[PDB]
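Here the Cβ is made from the backbone with ideal geometry for all residues, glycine too, and neighbour counts use every protein chain on show. What follows draws every value from the coordinates through simple rules; no lab data is involved.
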């Protein structure tokens, strides 16, 4: 169950979705690699 | 750490360990021995163990064909009854063979060396069979134990192909209940869903992160529980499989461990000999302590059968000073390879190599050399690069090739942990003796090693002009030169003996060699007194510096045949002595020569001095190699050795080039060679030595014509070593019958040695109660003639 | 795969709107083309 | 018995005061090496050869200036490799030498100046 | 025999532009390693380069 483990990460493991500020090449990587190898 | 170890030290430190603990360890396991009537008792008092020195010296044992051995004595209690029926006599337990300092045991007159054995290291390993996660304990006795998962866990321990039991059942048989499993495993509901020696203890603790005390030398049930928990880890992927073939998962058993095992066998035989003699004492009464209820046979004959028969005890290859060393550093999987120059067997049987540590600012280390096994040295970023790179940045951020895990990668110096500083670190002794080895195809590094291990010691041995600096180490550690045992002034020197006087005490050192010291010299303890066979000046001297050209002559050097001058016969240059009486073996057609680079060849032709090619200085060349070998075996290093050897001949310089000098500078070896060629040219005014148009080559002349060969020939003074020196097969039968040449086939298979072997065939089948019956039918009469079989 | 290599020094010229953006096997950005593309090299 | 590999004997500064105050039959050579110093690798071998060549006819000893630095300074040592040749006659002035002097200069001093 | 097929240290003949090609392959690799540290390129792309 995804949302229960999300809660368990927040409460116990201390998770938060801290926003990542990315150089445009790292963003391009973190987007293009969603679609395929080449 | 600071220096190349003594090559025999691996043997030496092994043997001393066997003396320093293996005797106590094995004697401590000798039990009390009890008679059949439970009234008489015998024991060794191990605390009294006493090795008396060999009463016969080595040079007498080898002459008399005996074993050079120390004698072990132990006092032995024997209570023949209650109260004063006790004797406690000191008894002779038997001869243990002692090692001589260069690493060999004289056994029945013949020098033997105990080859090191490589084994799979004790511990725990995981294999992905076909996924079938398969754990395996290896105990140091070689005993396996197996654990397995194929699906849905339900982990089985496996004992035999028809014997598998669930690990909770095994633990219940080991007396651990489900509550202990639940308490002592990380994933206890997975388990509930189913409803070694010191080295082994170390390696299982390390691989499982367990903290069981070392005194629990045997396997504990909690070890099997942890193995199953880690196997569940592997099932989930919370771990890694282990590669068994990798050198990190091997251990080395030295002379120490084999001799200790053989002491274990010898004492178990002693146990049976005491039990049987106590029997004879309890049935025939006989005499108390005749020496005692012990014979010398168990130890003496155990060790002498070990040396005589065990595949890892081999006659010393006394061929030349190099093979005497290399033999004692072999590493055999039977019971192969050889130990690297700097390698050390650690206290846990791992093979450890020295690495310089780059701890930067915090720590105050004293010695910055670590010794690390291939198990440790993968968890460090080892660099092999240099700090000789700079940029508008800083040295710390400059990147170098490094090794981390099993990968190669490029990292900043800031990230590097360790540096592999020593040039010879990865080389065997034979490979370390090859100059410019980085310019030779590594495939031939083994072959070029083997060549030097076949080189015959020569009368009037000669130092190589180009070397690596290990000829010194080899000469020192071979024990063929007479090293001084004591400092002093020299008193006397001849062919038979050297005499020292020092600390106002004399020492006489007979030679079994030629004296290097003058009669007036003064000597520090471990300096050389006399060179041995195939040493000069305390360097290995297996060959001779022969003036050589590489050009294709009229086929007599076809595909690495070699021409030699008659001067090689004149000068005794390759004259050996072979002892049977001795024979003055000259160099001959069909003899084998090799350079150290794997450039082997067979002498096909011997030409008189005036028929040889000759140089622009008029000197005839003494051999003509063929250059097609150079790209055939891919050995450009020998051309450097040629050119720089020529330089060394003209400058009167020897060279000792440590490998990988290209680490200083690109083309570094070419720069050294061309620089010294140019110096030899301009100093000797021999402008043909360094012809700038084609450096290292020169035009040379046909001694039968005087015309120059129209293209420049590569010339050198390389170091050349002389090497040491009917079934009719089924594929020949196939070839002969392919030619249809079947009467030759008949000759080769019958009367050259029905045929009598077919008589044997039929007779053995007839002995199996099968009648192989041979008939031939008359074409004329249809009569069934039985053949004579 | 064959590599096409610049036979001359100079300035590459092409209409890069004719070709699709992609990420190479090495993470480099690249153009992937499914046409005959003419590339000029102003040497 | 295994014979010790080195003859040049390391002393503390107090053991050296004892050896200089007590009567001597032979010249005393004191080497003020230090273990980080490059030339001292060579000087230690020259002194080992001298210590063999003279046997008991010279007392050759060494003082690591990592340990006895203030004593080296009081000996007016201004560098390493440095060597004192102290006569057995206590009236004579000792000779300090500086740098890698030849082993033949050591023999010259010991035979002709001590 | 009248000719000779002798081999010398500068009879071998490294293709002259090798240095430039190596510098090229070096500079790209350095840049990729840099960008691998930046997290723009994952380990498999760096390995394959």
Exercise. Find the residue count for region D:53-71, including only residues that are closer than 16 Å to residue D:10 by Cα, touching a strand residue (DSSP E or B) at 6+ places or on another chain (Cβ under 8 Å) and not in a loop (DSSP other than H, G, I, E, B).
Key: 4
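Which is more than 22 Å from residue B:451 (Cβ to Cβ) and either buried (at least 21 other Cβ atoms within 10 Å of the Cβ) or away from chain E (no Cβ under 14 Å) (or both), of B:544, B:524?
B:524
Looking only at region B:419-435, decide whether some residue is exposed (fewer than 15 other Cβ atoms within 10 Å of the Cβ), in contact with a strand residue (DSSP E or B) (Cβ under 9 Å, 6 or more places away or on another chain) and either part of a helix (DSSP H, G or I) or away from every other protein chain (no Cβ under 14 Å) (or both). Step through it out loud before you land on a result.
Just the residues of region B:419-435 that are exposed (fewer than 15 other Cβ atoms within 10 Å of the Cβ), to begin with: B:421.
From the residues that got through so far, the ones that are in contact with a strand residue (DSSP E or B) (Cβ under 9 Å, 6 or more places away or on another chain) too are B:421.
Filter again for either part of a helix (DSSP H, G or I) or away from every other protein chain (no Cβ under 14 Å) (or both), leaving B:421.
The answer is yes; a qualifying residue exists.
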Practice problem: Write out, first by first residue and then by second, each pair whose Cβ atoms fall under 6 Å of each other, whose residues are 6+ apart or on separate chains, and whose first residue, in region D:3-18, is under 30 Å from residue B:500 (Cβ atoms) while the second is assigned to a strand (DSSP E or B). | Solution: D:8/D:60; D:8/D:62; D:9/D:61; D:10/D:62; D:11/D:61
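Being in contact with a helix residue (DSSP H, G or I) (Cβ under 9 Å, 6 or more places away or on another chain) and facing chain D (nearest Cβ under 10 Å) is the filter here, so list the residues in region B:503-521 that pass it. Let's see the steps before the verdict.
So in region B:503-521, the residues in contact with a helix residue (DSSP H, G or I) (Cβ under 9 Å, 6 or more places away or on another chain) come out as B:503-504, B:510, B:512.
Of everything in region B:503-521, those that are in contact with a helix residue (DSSP H, G or I) (Cβ under 9 Å, 6 or more places away or on another chain) and facing chain D (nearest Cβ under 10 Å) turn out to be B:503, B:504.
For the condition more than 7 Å from every other protein chain (Cβ to nearest Cβ) and within 15 Å of the chain's Cα centre (by Cα), what is the one hit in E:47, E:21?
Of the residues listed, the single one that is more than 7 Å from every other protein chain (Cβ to nearest Cβ) and within 15 Å of the chain's Cα centre (by Cα) is E:21.
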Quiz item: Can you spot a residue in region B:580-596 that is more than 26 Å from residue B:325 (Cβ to Cβ), within 14 Å of chain E (Cβ to nearest Cβ) and assigned to a loop (DSSP other than H, G, I, E, B)?
Solution: no
Exercise. Would you mind telling me which numbered condition in (1) away from chain E (no Cβ under 13 Å); (2) over 27 Å from residue B:202 (Cα atoms); (3) surrounded by 19 or more Cβ atoms within 10 Å (Cβ to Cβ) residue B:399 fails?
Key: (1)
Self-check item: Residue ranges of helices (runs of 4 or more DSSP H) in region B:663-749 with at least 3 members within 14 Å of chain E (Cβ to nearest Cβ)
Solution: B:668-684
Exercise. Looking for whichever is farther than 22 Å from residue E:5 by Cα, in a loop (DSSP other than H, G, I, E, B) and touching a strand residue (DSSP E or B) at 6+ places or on another chain (Cβ under 6 Å) here; the options are B:609, B:653. Which one fits?
Key: B:609
Quiz item: Taking the condition more than 14 Å from chain E (Cβ to nearest Cβ) and crowded, with 24+ Cβ neighbours inside 10 Å, does residue B:645 pass?
Solution: no
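Name the residue, out of B:343, B:442, B:389, that is buried (at least 19 other Cβ atoms within 10 Å of the Cβ) and on the phi < 0 side of the Ramachandran plot.
B:343
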Quiz item: Taking into account only those residues within region B:548-566 that are surrounded by 21 or more Cβ atoms within 10 Å (Cβ to Cβ) and away from chain E (no Cβ under 14 Å), which is farthest from the chain's Cα centre (by Cα)?
Solution: B:565
Quiz prompt | In region D:48-68, residue surrounded by the fewest Cβ atoms within 10 Å (Cβ to Cβ) [restricted to those that are within 11 Å of another protein chain (Cβ to nearest Cβ) and within 11 Å of the chain's Cα centre (by Cα)] | solution = D:48
Quiz item: Do any strands (runs of 3 or more DSSP E) entirely within chain C hold 3 or more residues that are within 14 Å of another protein chain (Cβ to nearest Cβ), and if so, which?
Solution: C:20-23, C:29-32
Practice problem: Among what's in region B:776-789 and is under 60 Å from the mean Cα position of the chain (by Cα) and surrounded by 10 or more Cβ atoms within 10 Å (Cβ to Cβ), pick the residue that is farthest from residue B:756 (Cα to Cα). | Solution: B:787
Quiz item: Within region B:490-502, which residues are within 14 Å of chain D (Cβ to nearest Cβ) and under 21 Å from residue B:101 (Cβ atoms)?
Solution: B:500, B:502
Self-check item: Residues being more than 17 Å from residue B:559 (Cα to Cα) and at the interface with another protein chain (Cβ under 7 Å from one of its Cβ atoms) - total across region E:1-11
Solution: 4
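Go over the candidates B:471, B:487 one by one and state the one that is buried (at least 18 other Cβ atoms within 10 Å of the Cβ) and away from every other protein chain (no Cβ under 13 Å).
Numbers: B:487 fails: away from every other protein chain (no Cβ under 13 Å).
Sole residue among the options that is buried (at least 18 other Cβ atoms within 10 Å of the Cβ) and away from every other protein chain (no Cβ under 13 Å): B:471.
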Quiz item: Restricting the search to region B:616-636, which residues are away from chain E (no Cβ under 13 Å) and crowded, with 21+ Cβ neighbours inside 10 Å?
Solution: B:620, B:622, B:623
Quiz item: What number of residues in region B:375-400 are within 30 Å of the chain's Cα centre (by Cα) and farther than 30 Å from residue B:348 by Cβ?
Solution: 1
